[PDB]
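Trainee: Pasting a structure below so you can have a look.
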Amino acid sequence: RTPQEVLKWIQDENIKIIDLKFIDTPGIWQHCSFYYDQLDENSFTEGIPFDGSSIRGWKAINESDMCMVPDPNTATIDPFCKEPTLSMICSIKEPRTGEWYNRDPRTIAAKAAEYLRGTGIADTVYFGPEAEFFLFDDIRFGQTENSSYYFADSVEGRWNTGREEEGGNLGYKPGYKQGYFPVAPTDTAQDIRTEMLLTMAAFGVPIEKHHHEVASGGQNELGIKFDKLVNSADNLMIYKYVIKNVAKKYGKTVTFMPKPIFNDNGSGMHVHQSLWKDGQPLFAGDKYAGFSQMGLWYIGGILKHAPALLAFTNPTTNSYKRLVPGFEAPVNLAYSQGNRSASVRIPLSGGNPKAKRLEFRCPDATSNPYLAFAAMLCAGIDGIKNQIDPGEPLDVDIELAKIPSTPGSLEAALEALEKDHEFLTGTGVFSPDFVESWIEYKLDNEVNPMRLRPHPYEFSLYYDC
Amino acid sequence: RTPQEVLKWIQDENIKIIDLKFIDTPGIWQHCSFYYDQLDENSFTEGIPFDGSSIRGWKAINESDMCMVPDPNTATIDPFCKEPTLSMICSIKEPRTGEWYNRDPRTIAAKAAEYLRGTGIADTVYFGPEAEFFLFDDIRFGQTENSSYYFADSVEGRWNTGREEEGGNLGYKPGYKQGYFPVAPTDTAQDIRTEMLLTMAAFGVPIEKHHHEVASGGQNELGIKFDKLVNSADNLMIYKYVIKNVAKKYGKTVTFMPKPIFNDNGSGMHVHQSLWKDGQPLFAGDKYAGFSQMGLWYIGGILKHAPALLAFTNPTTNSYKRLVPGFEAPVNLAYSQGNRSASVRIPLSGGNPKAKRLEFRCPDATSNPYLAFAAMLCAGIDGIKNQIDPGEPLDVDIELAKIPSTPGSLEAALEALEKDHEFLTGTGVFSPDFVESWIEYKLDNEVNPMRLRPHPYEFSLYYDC
Amino acid sequence: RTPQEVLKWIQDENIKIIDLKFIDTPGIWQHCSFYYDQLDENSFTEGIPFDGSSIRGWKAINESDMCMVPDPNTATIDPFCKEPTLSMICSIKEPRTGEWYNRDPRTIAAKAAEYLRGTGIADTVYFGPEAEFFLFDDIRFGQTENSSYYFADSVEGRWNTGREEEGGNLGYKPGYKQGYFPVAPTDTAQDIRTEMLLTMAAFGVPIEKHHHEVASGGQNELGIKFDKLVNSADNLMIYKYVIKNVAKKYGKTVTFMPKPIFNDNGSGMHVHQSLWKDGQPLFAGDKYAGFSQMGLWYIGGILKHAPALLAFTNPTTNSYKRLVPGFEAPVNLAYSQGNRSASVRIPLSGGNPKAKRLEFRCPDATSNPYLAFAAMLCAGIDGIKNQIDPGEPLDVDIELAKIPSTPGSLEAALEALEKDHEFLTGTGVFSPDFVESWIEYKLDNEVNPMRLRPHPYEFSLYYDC
Ligand SMILES: Nc1ncnc2c1ncn2[C@@H]1O[C@H](COP(=O)(O)OP(=O)(O)NP(=O)(O)O)[C@@H](O)[C@H]1O
Ligand SMILES: Nc1ncnc2c1ncn2[C@@H]1O[C@H](COP(=O)(O)OP(=O)(O)NP(=O)(O)O)[C@@H](O)[C@H]1O
Ligand SMILES: Nc1ncnc2c1ncn2[C@@H]1O[C@H](COP(=O)(O)OP(=O)(O)NP(=O)(O)O)[C@@H](O)[C@H]1O
Ligand SMILES: [Mn+2]
Ligand SMILES: [Mn+2]
Ligand SMILES: [Mn+2]
Ligand SMILES: [Mn+2]
Ligand SMILES: [Mn+2]
Ligand SMILES: [Mn+2]
Ligand SMILES: [Mn+2]
Ligand SMILES: [Mn+2]
Ligand SMILES: [Mn+2]
């Protein structure tokens, strides 16, 4: 689609409102709605003004003015608007320079794909994210000077087997770790997952499947096809938007947080990736697990830069409650085929070169997909260019100190980024300015506020002392 | 039906979602939904991937990847999906070998029918299961360190004759043991049972009848026609699925547990069986109760291997609360005609050779029908091949030590399986690997957790001591 | 007092019950009561048996049997027993060897004082602990799979200024950080603090003063005089016992946890210390702040070994919520006079050599005083023996990276103990066995369980992502 085709669309269908969407630095979709007459040919080049100082991690009040540039290829009707509204995904333009903004995650993402094409290694990188979530019926949290609390609830919750329910308690509550994937009446989310899957398809997302996940009390997963870097990060943002909004439609609440439930499965975002040139898969070969030496080298980079990569792929203190040794892994920095306990997994493809890829299991859905994907690409490329030996595969379950480990906290991942960021910066994709502001925002707004707050389990262990 | 006919069905009717169903080792139906484009000709041979390590009693995390192979003959529309969804029953393929998985109960089931055809004794085995259930209006259970509780409820419950009900208490609550089979207003489940019966018919199940059962407080039964081994175990899984899901539709809850109610009828799954060759009934003859010597020998095997058979036909600790001497039997290992107190019953057929069969009364609906049916077939065949004399019929009600008895607990049935499993393994149907993992899963997840937990009746007997 | 004088006491006053008290490894007082006839002359040498395998961090089930040896000098009447009960503090004897148990904190403490006397540096070490606490009216905490919560309450709590109270809300609730030290009706704890002070005096504790502390909602402090190492750690255990028990008497609850309240003062245990020989103060001199070179060197050791010392003086994850840069310090490893923002403070003595001492401000009341005091003594001695220059004093409020900092977590303090423990072990005071079991107990029972549990503030930051 083109700027003129989108403008013809608005005229023919008499669309009165345009909803322009764009991501912020941490990873939250922002929006502004406009009356149809506000969008012209120039909106697709010069962009539409807004305050860049109210968006987290961007401009300072003194240099506030920024521009929203919508992508015509993203235009669809937002089903969640009573009034027929056309929705587009934007990239951010600096009005002072007229160039794309260096802190815009969607700009960084495009720059990463431009860099890949520049090296001659490949022309396309396919990303296939797998974002698990929880479908909750209630959420109550807070923390005052004399209190700290959270209470998550779901009808599927095993903690609710003995409770009085309105007309009445119908049983079939999945047991802890026992939600993957018994039929209804255990699975209460079939109709909703199909709706979430079908509505995002109409948004332009390539859809595949859906299933109930391991955890009791609403853990679910929707399966979407891979796509090119920017397109894939655009697809994850839509994915997250429709799921949250269909949940709200049916009076429910969704969270993509890694560990909302203690002693049950966390929500991870396993990300499948492969490099391609002239339509041919470059990760197909005759080496380990039917991979090519390039594919082994891409894993090399991923595994070597994994601690730094975690500052972008697992950017929350909560990420580290899931990335704990034992439950359920991937804490250990190694590759393997079929092994779902290893950081990098080589799925078993049915002898098809087109299906040959690596699954980086460490990431979770709290990440900015534009930043996470660009970072993983950079580590991958550096791995082929340096030409990082991933070591030997580990084809076992659960001496364990011989294998390098992932950071155990957010500050540790931020430390690993300060030490190892040349594979990102030296490229031009991420600016040293952005990498520094990322560490600073995460330390001041997440690491430090958390260190200050008493944890309720500290009463369980320490009230008597 | 064929893979192409199913694919033509999806194209012509514009079916967007495909629901693939498969059983786990203990006996719970699992599922995964796919967008239409994910199912092609190759899905019917190579299968569709999934995690075999999250399914109870299967693969270990290190060797996780498995394949779902749908059966085209099982395709129907799942009525419980708002969105028109096509549903198929799968068998599990090992992607490493390309062969059918040895722990897949549906594979074991097919292997059992392949074995029967291999012996030349018969070409077909007809199984007619009779699974009673309870239709409850409420269920609350739990067990903490300082508590253990369950509270089952139904409007039909005799325990509710003196309670205040919303506008108001309409009486006609069946008395204990007095539910078989007074008319409405006593029987409150006529409309629902007809719906359960008619919807499963549309799923491809051969339907016969329905009635209210002996127990007060929702005991019911739906009658379905016999079918070939795999088809019959497929029919029982559908049977259980529609009943549970129509109950959920009308805000009610179903249990197939053997003994949910104390001092009232348990839920048993009487299983009628007969061998056939070239369309002719092989259990018709001029011996006892109009049976053939082969039929007498098949009973021989069943009765001889019955204690081991119970590790598969009655695989729960709760099974043994129903299989108690007195209420209501069949605890005594003997055959008889018309006698509903004997383990094996020869029903009175109207002088029709086609209706000549044995009714093994011991089983209950907690069993995996694929495992239970394959096991009973194996014991039957071994009985004809060895050529086990069933002894003499016992045509009496209620010296009693002269007759061999069934195990009194789950561990006892598991003990009997360790001692007597050659009739299963030596065949090739069940692998010694599967038989060992079955005992281990049942001991670690059911027998041992139960031995640890205080029973509320232990307070009734022992609080003062 | 002697074993015979204690036995004469029991006979003359007709005391029927004897309460023998002893500390466990983490720092909790344990007890066992005996009928008078059970205590004879041999109880004061051979000791009284008990199970050393049920006490945290001690014997294994196979080598369980241990002995309690009471100290006659600790005998007093426990006021909290309706029946006149004589109470004594014990040390633990190994019955296998007949020697004092190497994991007994009270034995380690005596060994530390024996070591000081062995070096010829001094004959006496005086410890003056200052343990702040909170006096709460209510405490509710818990953490399930779907929840985590704590709710602390007090009538003094500023969070309660707008609440309906029984007949009625009388105001005068101290403001946050504004509790030190307005008069009544603001201070509601005058009578109780006097009772806590007077009852511990009758227990044999040298008492000095009492005041309301900085924090709103019940923060209090009782002032006690210094004493010799073991005597001082005995005095802190009594201090903690009477405060908790007088609170219980008046239907209230006390906590010595470092940070129960967010955004208000933590509970610290500032510990004043000085070495003496032949009745003369050795920390009096003509150097900085009227100190001696020995005193400067003792600070040297303290400051150098402070990160390792924190594994014993601040042994909880909660300790690190108080030891946070800013609120209120001492995070910075430096000495100064009058400065209450420095780790080590030299209080202003009124030109009296007898009052010349250092105040290590880092410790909190979650510590085992026997372990904390022995550790600080060892670091002090090593400082004089090596002859560690403490650096130059920092006489400022709040470049800041030039000054060495304390660990930011419990694992970090445990890391610092593994690297620096020779000043403890090489001495003989702490065994390498004890130092290893300490790290292991803290990692397995506190550090690792905490890393697993979602924090409620993680919902505040991450629910939307
Ligand atoms: N060559 C490829 N390059 C990148 N992504 C791919 C490639 N092939 C498949 N994918 C995608 O990776 C994702 C994987 O889904 P799936 O096919 O179920 O693999 P999976 O490993 O079995 N999923 P899971 O079981 O949760 O780990 C999908 O988005 C696929 O489209
Ligand atoms: N020759 C046969 N082989 C196997 N099953 C059969 C055969 N004939 C009938 N059945 C089935 O066995 C089941 C028996 O139902 P039914 O006809 O009511 O017998 P029943 O003994 O009276 N039932 P019940 O009273 O509950 O024990 C049905 O599924 C029949 O289809
Ligand atoms: N020479 C000494 N050696 C060891 N301890 C001492 C010595 N002199 C006084 N102390 C003790 O140290 C503790 C200090 O209490 P205090 O006299 O109020 O000093 P402080 O610094 O003003 N207290 P604070 O304001 O809370 O820091 C008391 O236990 C004193 O007895
Ligand atoms: Mn998943
Ligand atoms: Mn998947
Ligand atoms: Mn995955
Ligand atoms: Mn029946
Ligand atoms: Mn019947
Ligand atoms: Mn029957
Ligand atoms: Mn104080
Ligand atoms: Mn003081
Ligand atoms: Mn002080």
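Going through the structure tokens in order, the chains are called A, B, and so on, while each chain numbers its residues from 1 and the ligands are numbered from 1 in the order shown.
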Identify, on the basis of only C-alpha atoms, every residue whose closest approach to residue C:22 does not exceed 8 Å; exclude the query and any residue fewer than 6 positions from it along the same chain; express the result as a ChimeraX atom specification.
Mentor: /C:29-31,68,89-91
Trainee: Grab me every residue within 9 Å of ligand 10, counting only C-alpha atoms and all ligand atoms, and send it over as a ChimeraX atom specification.
Mentor: /C:130-132,211-214,220-223,267-270
Trainee: Any idea what's packed within 7 Å of residue A:50, counting only C-alpha atoms, ignoring anything in its chain fewer than 6 positions away? Could you give it as a PDB file with N, CA and C atoms, in the first residue's frame?
Mentor:
```
ATOM      1  N   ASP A  65       9.278  19.189  20.889  1.00  0.00           N
ATOM      2  CA  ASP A  65       8.644  18.912  19.588  1.00  0.00           C
ATOM      3  C   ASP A  65       9.245  17.747  18.801  1.00  0.00           C
ATOM      4  N   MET A  66       8.395  16.773  18.414  1.00  0.00           N
ATOM      5  CA  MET A  66       8.771  15.601  17.611  1.00  0.00           C
ATOM      6  C   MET A  66       7.727  15.349  16.506  1.00  0.00           C
ATOM      7  N   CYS A  67       7.959  14.380  15.605  1.00  0.00           N
ATOM      8  CA  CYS A  67       7.027  14.079  14.515  1.00  0.00           C
ATOM      9  C   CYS A  67       6.712  12.596  14.403  1.00  0.00           C
TER      10      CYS A  67
END
```
Trainee: To one decimal place in Å, what is the distance between atom CA of residue C:296 and atom 17 (O, counted along the ligand's line) of ligand 3?
Mentor: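 Computed distance, atom CA of residue C:296 to atom 17 (O, counted along the ligand's line) of ligand 3, equals 20.2 Å.
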Trainee: For residue B:151, list every protein, DNA or RNA residue within 7 Å, evaluated using only C-alpha atoms, and leave out those in the same chain fewer than 5 positions away; present the list as a ChimeraX atom specification.
Mentor: /B:139-141
Trainee: Find the residues of chain B in contact range of chain A, meaning any atom within 9 Å when counting only C-alpha atoms, and list them as a ChimeraX atom specification.
Mentor: /B:16-17,21,23-24,28-38,46,49,51,53-56,60-65,80-83,95-96,136-143,149-151,241,244-245,248,251-254
Trainee: Go through A:321, A:361, A:240, A:304 and flag the residue nearest ligand 5, using only C-alpha atoms and all ligand atoms for the distances.
Mentor: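 Among the listed residues, A:361 lies closest to ligand 5.
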Trainee: Which of stretch 90-243 of chain A counts as alpha helix (DSSP H) under DSSP, as a PyMOL selection string please?
Mentor: chain A and resi 105-119+190-201+229-243
Trainee: Take the residues that were just selected and, keeping C-alpha atoms, output them as a PDB file, in the first residue's frame.
Mentor:
```pdb
ATOM      1  CA  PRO A 105      13.099   1.768  18.723  1.00  0.00           C
ATOM      2  CA  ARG A 106      11.378   1.298  15.297  1.00  0.00           C
ATOM      3  CA  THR A 107      14.163   3.362  13.663  1.00  0.00           C
ATOM      4  CA  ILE A 108      16.908   1.256  15.402  1.00  0.00           C
ATOM      5  CA  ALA A 109      15.035  -1.874  14.149  1.00  0.00           C
ATOM      6  CA  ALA A 110      15.081  -0.632  10.474  1.00  0.00           C
ATOM      7  CA  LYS A 111      18.784   0.357  10.862  1.00  0.00           C
ATOM      8  CA  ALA A 112      19.573  -3.235  12.031  1.00  0.00           C
ATOM      9  CA  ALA A 113      17.981  -4.709   8.852  1.00  0.00           C
ATOM     10  CA  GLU A 114      19.811  -2.046   6.777  1.00  0.00           C
ATOM     11  CA  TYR A 115      23.118  -3.152   8.446  1.00  0.00           C
ATOM     12  CA  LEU A 116      22.486  -6.891   7.674  1.00  0.00           C
ATOM     13  CA  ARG A 117      21.969  -5.992   3.958  1.00  0.00           C
ATOM     14  CA  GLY A 118      25.189  -3.904   4.094  1.00  0.00           C
ATOM     15  CA  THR A 119      27.445  -6.825   5.231  1.00  0.00           C
ATOM     16  CA  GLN A 190     -10.894 -21.838  23.558  1.00  0.00           C
ATOM     17  CA  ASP A 191     -13.471 -19.339  22.153  1.00  0.00           C
ATOM     18  CA  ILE A 192     -11.468 -16.280  23.368  1.00  0.00           C
ATOM     19  CA  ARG A 193      -8.076 -17.521  21.940  1.00  0.00           C
ATOM     20  CA  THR A 194      -9.754 -18.139  18.539  1.00  0.00           C
ATOM     21  CA  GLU A 195     -11.164 -14.560  18.721  1.00  0.00           C
ATOM     22  CA  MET A 196      -7.743 -13.133  19.706  1.00  0.00           C
ATOM     23  CA  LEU A 197      -6.191 -15.171  16.793  1.00  0.00           C
ATOM     24  CA  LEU A 198      -8.804 -14.190  14.202  1.00  0.00           C
ATOM     25  CA  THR A 199      -8.958 -10.462  15.081  1.00  0.00           C
ATOM     26  CA  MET A 200      -5.108 -10.012  14.900  1.00  0.00           C
ATOM     27  CA  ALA A 201      -5.223 -11.824  11.479  1.00  0.00           C
ATOM     28  CA  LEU A 229      12.699  -7.897  11.580  1.00  0.00           C
ATOM     29  CA  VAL A 230      10.511  -4.670  11.617  1.00  0.00           C
ATOM     30  CA  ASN A 231       7.377  -6.516  10.382  1.00  0.00           C
ATOM     31  CA  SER A 232       7.868  -9.142  13.154  1.00  0.00           C
ATOM     32  CA  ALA A 233       8.264  -6.489  15.922  1.00  0.00           C
ATOM     33  CA  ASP A 234       5.171  -4.739  14.402  1.00  0.00           C
ATOM     34  CA  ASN A 235       3.370  -8.146  14.568  1.00  0.00           C
ATOM     35  CA  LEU A 236       4.316  -8.646  18.238  1.00  0.00           C
ATOM     36  CA  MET A 237       2.958  -5.174  19.172  1.00  0.00           C
ATOM     37  CA  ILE A 238      -0.360  -5.912  17.399  1.00  0.00           C
ATOM     38  CA  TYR A 239      -0.412  -9.415  19.035  1.00  0.00           C
ATOM     39  CA  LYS A 240      -0.073  -7.813  22.497  1.00  0.00           C
ATOM     40  CA  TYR A 241      -2.709  -5.111  21.665  1.00  0.00           C
ATOM     41  CA  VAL A 242      -5.498  -7.457  20.424  1.00  0.00           C
ATOM     42  CA  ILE A 243      -4.998 -10.008  23.257  1.00  0.00           C
TER      43      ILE A 243
END
```
Trainee: Grab the atom CA of residue C:438 to atom CA of residue C:133 distance for me, in Å with one decimal place.
Mentor: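 If I compute the distance from atom CA of residue C:438 to atom CA of residue C:133, I get 25.0 Å.
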Trainee: Just the residues within 7 Å of residue A:343, please, counting only C-alpha atoms, with nothing from its chain fewer than 6 positions along; format it as a list in words.
Mentor: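 Near residue A:343, the qualifying residues are residues 330, 331, 332, 333, 334, 335, 360, 361 and 362 of chain A.
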Trainee: Extract, using only C-alpha atoms, all DNA, RNA and protein residues at most 10 Å from residue A:306, discarding same-chain residues fewer than 5 positions from it, and format them as a VMD selection string.
Mentor: chain A and resid 299 to 301 311 to 313 333 343 360 362 375 to 376 379 405 to 407 413 416 to 417 420
Trainee: Generate a file of the selected residues that holds C-alpha atoms, formatted as a CSV table (one decimal), in the first residue's frame.
Mentor:
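That gives us again_27.csv:
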```csv
chain,number,residue,atom,x,y,z
A,299,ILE,CA,24.5,-19.1,17.8
A,300,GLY,CA,28.2,-18.3,18.8
A,301,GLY,CA,27.4,-14.6,18.9
A,311,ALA,CA,19.4,-6.0,29.3
A,312,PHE,CA,17.2,-5.8,26.1
A,313,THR,CA,15.5,-9.3,25.9
A,333,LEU,CA,24.2,-20.7,27.9
A,343,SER,CA,19.3,-21.4,26.1
A,360,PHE,CA,16.7,-18.3,21.8
A,362,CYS,CA,15.9,-16.7,27.3
A,375,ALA,CA,20.1,-6.6,19.5
A,376,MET,CA,19.9,-10.4,18.8
A,379,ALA,CA,25.0,-10.5,18.2
A,405,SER,CA,25.4,-18.8,33.1
A,406,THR,CA,23.0,-15.9,32.3
A,407,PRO,CA,22.9,-12.8,34.7
A,413,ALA,CA,22.5,-7.6,32.7
A,416,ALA,CA,27.1,-6.9,31.0
A,417,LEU,CA,25.8,-4.3,28.6
A,420,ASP,CA,29.9,-5.6,26.0
```
Trainee: Using only C-alpha atoms and all ligand atoms, which residues of the polymer chains come no farther than 6 Å from ligand 2? I'd like the answer as a compact mmCIF listing (two decimals) with N, CA, C and O atoms, in the first residue's frame.
Mentor:
```
# COMPACT_ATOMS: atom_id res chain seq x y z
N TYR B 126 -15.29 -56.49 19.42
CA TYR B 126 -16.26 -55.44 19.67
C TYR B 126 -16.31 -55.14 21.15
O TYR B 126 -16.47 -56.05 21.97
N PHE B 127 -16.12 -53.85 21.50
CA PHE B 127 -16.16 -53.36 22.88
C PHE B 127 -17.36 -52.44 23.06
O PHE B 127 -17.57 -51.55 22.24
N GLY B 128 -18.15 -52.69 24.10
CA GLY B 128 -19.32 -51.89 24.42
C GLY B 128 -19.18 -51.35 25.83
O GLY B 128 -19.57 -52.04 26.77
N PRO B 129 -18.59 -50.14 26.02
CA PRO B 129 -18.45 -49.60 27.39
C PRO B 129 -19.73 -48.99 27.94
O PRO B 129 -20.56 -48.50 27.16
N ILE B 224 -24.44 -46.35 24.64
CA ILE B 224 -23.88 -46.31 23.28
C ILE B 224 -23.60 -47.72 22.76
O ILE B 224 -23.29 -48.61 23.54
N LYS B 225 -23.74 -47.93 21.44
CA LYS B 225 -23.51 -49.21 20.76
C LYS B 225 -22.03 -49.60 20.78
O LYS B 225 -21.16 -48.74 20.89
N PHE B 226 -21.74 -50.90 20.64
CA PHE B 226 -20.37 -51.39 20.55
C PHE B 226 -19.71 -50.91 19.25
O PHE B 226 -20.40 -50.46 18.33
N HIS B 272 -18.71 -54.80 27.79
CA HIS B 272 -19.17 -55.93 27.00
C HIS B 272 -18.20 -56.15 25.86
O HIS B 272 -17.78 -55.19 25.21
N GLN B 273 -17.82 -57.41 25.62
CA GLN B 273 -16.86 -57.75 24.58
C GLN B 273 -17.13 -59.09 23.92
O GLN B 273 -17.63 -60.01 24.57
N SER B 274 -16.81 -59.19 22.60
CA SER B 274 -16.98 -60.39 21.79
C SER B 274 -16.07 -60.40 20.58
O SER B 274 -15.92 -59.36 19.92
N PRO B 347 -24.86 -61.57 29.65
CA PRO B 347 -26.24 -61.07 29.54
C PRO B 347 -27.15 -62.04 28.78
O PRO B 347 -26.66 -62.86 27.98
N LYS B 354 -25.59 -63.06 17.41
CA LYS B 354 -24.99 -61.73 17.24
C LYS B 354 -24.91 -60.93 18.56
O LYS B 354 -24.06 -60.05 18.70
N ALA B 355 -25.79 -61.24 19.53
CA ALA B 355 -25.85 -60.57 20.83
C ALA B 355 -25.15 -61.33 21.97
O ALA B 355 -25.29 -60.93 23.12
N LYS B 356 -24.40 -62.41 21.65
CA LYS B 356 -23.68 -63.23 22.63
C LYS B 356 -22.35 -62.61 23.02
O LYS B 356 -21.45 -62.52 22.17
N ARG B 357 -22.23 -62.17 24.30
CA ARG B 357 -21.02 -61.53 24.83
C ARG B 357 -20.86 -61.64 26.36
O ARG B 357 -21.78 -62.07 27.05
```
Trainee: Have a look at C:189, C:344, C:15, C:443 and name the one nearest to ligand 3; count only C-alpha atoms and all ligand atoms.
Mentor: C:344
Trainee: Given only C-alpha atoms and all ligand atoms as the basis, pick out the residue of B:324, B:308, B:271, B:261 nearest to ligand 9.
Mentor: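 Using only C-alpha atoms and all ligand atoms, ligand 9 sits closest to B:271.
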Trainee: Can you work out the spacing between atom CA of residue B:381 and atom CA of residue B:121 in Å, to one decimal?
Mentor: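 Going from atom CA of residue B:381 over to atom CA of residue B:121, I get 8.1 Å.
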Trainee: Using DSSP on the backbone coordinates, identify all residues within stretch 122-298 of chain A classified as strand (DSSP E or B); present the result as a PyMOL selection string.
Mentor: chain A and resi 124-131+133-136+138-143+147-153+182+207-212+219-224+227-228+253-255+269-277+280-281+284+291
Trainee: Neighbouring residues of residue B:431 were defined as those with any atom within 7 Å, considering only C-alpha atoms; residues of the same chain fewer than 4 positions away were excluded. Please report them as a list in words.
Mentor: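 Near residue B:431, the qualifying residues are residues 102, 425 and 435 of chain B.
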